[PDB]
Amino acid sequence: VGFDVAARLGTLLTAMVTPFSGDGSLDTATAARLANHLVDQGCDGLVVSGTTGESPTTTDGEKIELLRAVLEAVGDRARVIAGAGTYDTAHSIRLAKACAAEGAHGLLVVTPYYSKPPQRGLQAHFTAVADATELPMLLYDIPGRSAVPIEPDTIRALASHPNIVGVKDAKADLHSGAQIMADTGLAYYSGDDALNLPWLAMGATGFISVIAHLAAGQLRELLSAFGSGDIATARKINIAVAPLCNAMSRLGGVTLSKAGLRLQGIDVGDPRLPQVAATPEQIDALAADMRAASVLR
């Protein structure tokens, strides 16, 4: 009205892993160093306690404890987004309020997973979560993980809420997303690194990326080259970071980002169970893809 999601939330965001100490405890120090690193590499925004941040296995206290550690570290020169979504509506209301109290710049609310609620339950869920805080709220539609999509009718109905300002899409329905962007003006962020460039063509605002952990610089130049009309360079850069997308397919984001950051000298620990760290064979394969993406050696 007129909100600017590009400035409010960013254009190159990394869904940051939650670093853990050698014993498994929350490592606030490694979080700030990685937060400064990702911003210094080209990220104007960060998502904390997203999917890749191991939100399933971190407590309410550790989430707020991480949120301030990232805010005081990079909150001056970068936007900080807190993931406040569970399969529990009342819990999501407390998390979004507490994240608001700590001064997070935005909210990322994932589709309630596992329980497979009907669409009107999802609309009532998101409406209640968007009511809890005057922060800008991003819809996070990932049916491959949550077992239900946000249907296009549900997204359009929630588009009229003043706090719901955009969608982080891991559904890959580019034709539907392109029409929702044009019709309602919601800002779309690619929640799928493999489709970053197709999403820009559809009109997306930016990336809430995973391989930005290891290649935020190239992704920044991809966004720059696409906005400046040089599509051949964005495609050239997208082919360059393609091997990191292949490695994410083999490993998944949590295992990839933690094993990849260690090979870049930035040890962030190992994932909490039921997630596991990369095997030696997976590490060597990850490194070959990273040497292909010119982000190793």
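Counting begins at 1, following the sequence as shown.
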With respect to the recorded C-alpha B factors, which stretch has the higher mean value, 252-260 or 24-32? 24-32
On mean Cα temperature factor in this entry, is 131-139 or 150-158 the higher one? 131-139
Highest Cα B-factor in the deposition, which of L186, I211, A104, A170? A104
Among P243, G229, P56, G50, which residue carries the highest C-alpha B-factor recorded in the PDB entry? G229
In terms of the CA temperature factor given in the entry, to which third of its chain does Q179 belong: lowest, middle or highest? middle
Here the Cα B-factor of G203, set against its chain, lands in the third termed lowest
Using the B-factor values recorded in the entry, state whether the Cα atom of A247 falls in the lowest, middle or highest third among the modelled residues of its chain. lowest
Quick check for you: using the entry's CA B-factors within this chain, is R220 in the lowest, middle or highest third? middle
Determine, from the deposited record, the chain-internal third of the Cα B-factor for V165: lowest, middle or highest. middle
